[PDB]
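Chains as they are written, first to last, in the authors' numbering: chain H, 153 to 253; chain Y, 2 to 54; chain S, 108 to 161; chain W, 215 to 268; chain C, 7 to 321; chain A, 3 to 51; chain F, 3 to 51.
Structure follows, in structure tokens:
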């Protein structure tokens, strides 16, 4: 199943606008994902998850950053694909606002 | 010989900071409620509430 | 930005650390003030035992 | 039994270190974080390099 | 994004030296790529040329057998740190004749872009001159005739650079040598000029002359005044920023005024083709005098033809 | 102040104060007159002593 | 560089103060009073010391 998330305006951390063949493209996009880890002990801490979305040569890639004990973990790049395939040419993320998207 | 080459020692900034020493994850449910951690604000330095003896 | 982040996470740890420490110290002091003190070193060798709990 | 290496529970050294253990009840110790957090970053000029403080 | 854009009245004198001398304007001789890098150095290693790779042989006599070994050279790229002095933005006092003093931030920004361009160009030119002096590729013309020749001076520099002289395609110079060249062109002792072609900026070999008034190419005064023009190969001088510009504005309210102070830092890497910076002899963070000082630059490439650049000195 | 710096801010311990205030406001004049102090500060603490 | 995952764009960081102001106005009055020193200037800072 696919899911549609809502990202708070404070949770968008980074973005880029590089023109490929003169086309306004969002290449980099990093947002903070917040969650309480399903564990046994009472975690008074907030578990913070950083999602990195990138666009290379017209292909959508993403990976997840997770921290623990001050460590930082990096997951392998995964290129999600449509039902037929062909991966993507743009990042599936929109930043809606009062002026324009 | 290996002396002729220029040996480069690998390095990396893993930026992996230390946190602390003792464990402080014992609040509310963790202590069955013995130690309670709230997030309430108060005025002055004292917050007293009387009750009947 | 990264100096601020490092200070933030170390501060997140240390704030809980000193908050709990002060809480425990205040609890011990209040219990000493209230007379609910029981020492076990005066009864033989002083080491923790189930009898001390009782 | 909750384990904690808090310096509020040791109070001594050598042959006079006196470990203190607490038997608590529900809501025995209350801690409220007054959410009055204030953090400033201040910077200075007139040097070879900019100096910041936190 | 700027709070105030620059108006007609705010025609702050931008600069007095042409500083568009990068890549296409200089045919790639001085590049200004952008690549951030850590530390105070960025060195790379490449295999050296074996001297006696091919040797004479005597098949009839076994005799002895020689032994040969292959080494590794080390390219280098020093990092030069620069900054801006603390700037006293007027505290709303420069107002009787000026429209407003709050546009100090914008005027500083624009003049600072211009001045960082000139600073990078000057440091690159001074480092190139010092390195080429260290490499033994300097031609001096101060005792021969007036001091500058029309094209016979350039031919000496290409003579020094050697059989591979063809790859030098750019001359950078002060304006005074160019005006002397025009004077001798407008006064053709050897009748090889016509009025239509007396304004040529080339050097009779297809190498254009690019003119800038950087103080790194002029020194002394009167009889001690020497102009240094240096011919560059393709990508001879490398200037790389680290895209780490910093700024701050501090109101030191206590010291008799709020005293808006403006600070800035930025660092760039500088490296000359075929040469390395002697950090042990120099410093971790060299100053423009340290860059311009010979024996702080060490030649790496064995052949002078591989080292890119030659300095021509005329009075 | 930097919200990207870690902070835990979700539990009813956050909201008991205003929930209780809402409850006594819903109760009526009895509770409000009863718990007067947090709503009506003393005109002067020196007199209050 | 150096994989600074927690980096925040400068314009968003600049707008964070106004975002916090708007969110605190959305919060109610307790957030404003708990942060009143940055909204209501002291009538005299000499006393505030």
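Ideal placement from N, C-alpha and C gives every residue a C-beta, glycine not left out.
Contacting residues, own chain, Cβ-Cβ under 7 Å from residue i (five flanking each side not counted)
i, result
"residue 324 of chain C", "The question about residue 324 of chain C has no answer, for chain C in this structure spans 7 to 321."
"residue 78 of chain C", "51, 53, 54"
"residue 33 of chain A", "26"
"residue 265 of chain W", "257, 258"
"residue 167 of chain H", "178, 180, 181"
"residue 269 of chain C", "90, 92, 253, 254"
"residue 246 of chain H", "253"
"residue 186 of chain C", "154"
Environment of residue i [buried if 16+ CB atoms lie within 10 Å]
i, result
"residue 182 of chain H", "buried"
"residue 233 of chain C", "buried"
"residue 186 of chain H", "exposed"
"residue 25 of chain Y", "buried"
"residue 250 of chain W", "exposed"
"residue 20 of chain F", "exposed"
"residue 124 of chain C", "buried"
"residue 158 of chain S", "exposed"
"residue 315 of chain C", "buried"
"residue 212 of chain H", "buried"
"residue 267 of chain C", "buried"
"residue 126 of chain C", "buried"
"residue 152 of chain S", "exposed"
"residue 231 of chain H", "exposed"
"residue 245 of chain C", "buried"
"residue 305 of chain C", "buried"
"residue 7 of chain Y", "exposed"
"residue 225 of chain H", "exposed"
Own chain, CB closer than 6 Å to residue i, minus 5 neighbours either side, in chain order
i, result
"residue 252 of chain C", "271"
"residue 247 of chain C", "40, 274"
"residue 244 of chain H", "none"
"residue 35 of chain C", "176, 238, 242"
"residue 291 of chain C", "87"
"residue 210 of chain H", "241"
Residue of the options minimising C-alpha distance to residue i
i, options, result
"residue 140 of chain C", "C:299, C:320, C:321", "C:299"
"residue 13 of chain Y", "F:17, F:5, F:22, F:20", "F:5"
"residue 114 of chain S", "Y:2, Y:21, Y:11", "Y:21"
"residue 154 of chain H", "H:164, H:165, H:234, H:171", "H:234"
"residue 223 of chain H", "S:108, S:111, S:144, S:116", "S:116"
"residue 200 of chain C", "C:207, C:191, C:208", "C:191"
"residue 168 of chain C", "C:267, C:46, C:239", "C:239"
"residue 230 of chain C", "C:46, C:149, C:63, C:281", "C:149"
"residue 6 of chain C", "C:289, C:18, C:226", "This structure leaves residue 6 of chain C out entirely; chain C is present only between 7 and 321."
"residue 169 of chain H", "H:201, H:206, H:160, H:190", "H:206"
"residue 199 of chain H", "H:175, H:174, H:219, H:237", "H:219"
"residue 17 of chain A", "Y:38, Y:27, Y:4, Y:31", "Y:38"
"residue 321 of chain C", "C:284, C:228, C:82, C:261", "C:228"
Under the three-state DSSP convention, the category residue i falls into
i, result
"residue 181 of chain C", "helix"
"residue 148 of chain C", "coil"
"residue 124 of chain S", "helix"
"residue 34 of chain A", "helix"
"residue 92 of chain C", "strand"
"residue 18 of chain C", "coil"
"residue 71 of chain C", "coil"
"residue 320 of chain C", "strand"
"residue 232 of chain W", "coil"
"residue 116 of chain C", "helix"
"residue 138 of chain S", "helix"
"residue 190 of chain H", "coil"
"residue 1 of chain Y", "Chain Y is shown from 2 up to 54; residue 1 of chain Y falls before or after that span and cannot be answered."
"residue 53 of chain C", "strand"
Nonlocal neighbours in the same chain, by C-beta distance under 8 Å from residue i, ignoring five residues either side
i, result
"residue 44 of chain A", "50"
Under 8 Å from the C-beta of residue i: neighbouring residues of chain D
i, result
"residue 231 of chain W", "Protein chains H, Y, S, W, C, A and F are contained in the structure displayed, whereas chain D is not."
Check: residue i C-beta below 7 Å from any heavy atom of the ligand NAP
i, result
"residue 29 of chain Y", "Inclusion of the ligand NAP in the displayed structure is not the case, the ligand content being empty and no account of it being possible."
Problem set entry | Interface positions of the stretch 15–26 of chain Y facing chain W (Cβ-Cβ less than 9 Å), listed along the chain | Flagged, chain order: 22, 23, 24, 25.
Exercise. Listed in chain order, which residues of the stretch 19–35 of chain A have Cβ atoms closer than 8 Å to some Cβ of chain Y?
Worked result: 19
Exercise. The stretch 182–207 of chain H: which residues have C-beta closer than 8 Å to a C-beta of chain A, in chain order?
Worked result: 184, 196, 197, 198, 200
Exercise. When you check each C-beta in the stretch 118–145 of chain S against every C-beta of chain W, which residues fall closer than 8 Å?
Worked result: For the stretch 118–145 of chain S, the beta-carbon criterion of a distance under 8 Å to any beta-carbon of chain W is satisfied by 126, 127, 128, 129, 130, 131, 132, 133, 134, 135, 138.
Exercise. Name the residues in the stretch 276–304 of chain C whose C-beta lies less than 9 Å from a C-beta of chain W; which are they?
Worked result: none
For this session: Residues of the stretch 156–181 of chain H with a CB closer than 8 Å to any CB of chain A: list them in chain order, please.
Result: Listed by position, the residues of the stretch 156–181 of chain H near chain A (Cβ gap below 8 Å) are 162, 165.
For this session: With 7 Å as the C-beta to C-beta threshold (strictly closer), list the residues of the stretch 247–269 of chain C near chain W in chain order.
Result: 252, 254, 256, 267, 269
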